[PDB]
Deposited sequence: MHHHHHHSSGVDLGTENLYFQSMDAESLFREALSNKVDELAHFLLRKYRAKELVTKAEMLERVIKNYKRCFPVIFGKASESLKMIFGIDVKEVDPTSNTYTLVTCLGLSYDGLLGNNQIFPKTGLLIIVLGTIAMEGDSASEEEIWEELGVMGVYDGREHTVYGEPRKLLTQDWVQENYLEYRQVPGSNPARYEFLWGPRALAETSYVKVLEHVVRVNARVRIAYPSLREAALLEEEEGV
C-alpha cells in the first residue's frame, strides 16, 4: 500500500480570524435587526440562529448581546423581549421619531445623544458644545455621515421642524423642544445615560472559552 507520508494550515491565523468572524457577525446581526425594526416584525432566537449565525450558534449570547448594545447606543433601538425567545424592537425612551422617510438607519440614537448633551449643560447647550460631543463620535458639520446624513441639516432643520429641538440666536444654542418634553424627560434621558454607562460589558470569547459552551 505504501505512499508519501510527510507533514496546516499552509499557515493561517485561526484565532484572529475568529474574533473578526464574530465581529462581522455582530455587524450582520445588527443590520438584520434594523431590518426587522423597519418591517415591524417580531424576531425569534431560532430565526437568528438559522439566518445569521448558523455557523456560530453557541455564541448567540455574545453576538446578540453586542448587536443589541449597538442598536441601543448607536441607533436608539431597544431589543425588547416579550416573555418565548421572541423579541420586539422599539425606539428607546418611547420616542416617536426614527428618521426613516434614509429608510435604512434610525437616527433616534443620535437624537437621544443630542438631548442628553443639552440635559447635561442644564437648560440650554451652545452650538459649540453640541459640535464637540458630536465630534467625539465622528459627526462633523458639513460632512455627510453615512449612518446619520448631513448633521447640520439634521440638527438645525429636521429636528427643529419636528419640534424635538429649538435653535436660536441667544453665539447660538439648542434646547429641548415641546415634543421632546412631551415624549420624554431630562430625568429619563439622564437615567438612560446612567443605565448605559453602568451596563455589563460583553467580552468576545477566545477560541478555547467558546469551545467550552458544548
Next on the checklist: In sequence order, which parts of the deposited sequence are missing C-alpha coordinates?
Outcome noted: 1-8, 16-18, 95-96, 115-116, 186-191, 236-240
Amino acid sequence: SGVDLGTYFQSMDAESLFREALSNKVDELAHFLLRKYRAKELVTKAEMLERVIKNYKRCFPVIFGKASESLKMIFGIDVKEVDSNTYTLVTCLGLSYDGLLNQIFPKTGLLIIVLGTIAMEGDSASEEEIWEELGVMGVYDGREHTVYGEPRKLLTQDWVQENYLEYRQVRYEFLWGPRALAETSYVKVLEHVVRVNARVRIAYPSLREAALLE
From here on, numbers count along this sequence of modelled residues.
Checklist outcome for this item: Comparing mean C-alpha B factor in the record for 138-146 and 71-79, the higher one is 138-146
Checklist entry - Hey, which bit's got the bigger mean C-alpha B factor in the entry, 176-184 or 155-163? => result 155-163
Next on the checklist: Per the entry's values, where does residue 116 land by CA temperature factor relative to the rest of its chain, in the lowest, middle or highest third?
Outcome noted: middle
Checklist entry - Within this chain, which third does the Cα B-factor at residue 42 fall in: lowest, middle or highest? => result middle
Next on the checklist: Which third, lowest, middle or highest, does the C-alpha temperature factor of residue 91 belong to within its own chain?
Outcome noted: lowest
Checklist entry - Which third, lowest, middle or highest, does the CA B-factor of residue 200 fall in along this chain? => result highest
Item to check | Record-listed C-alpha B factor of residue 108: chain third | outcome: lowest
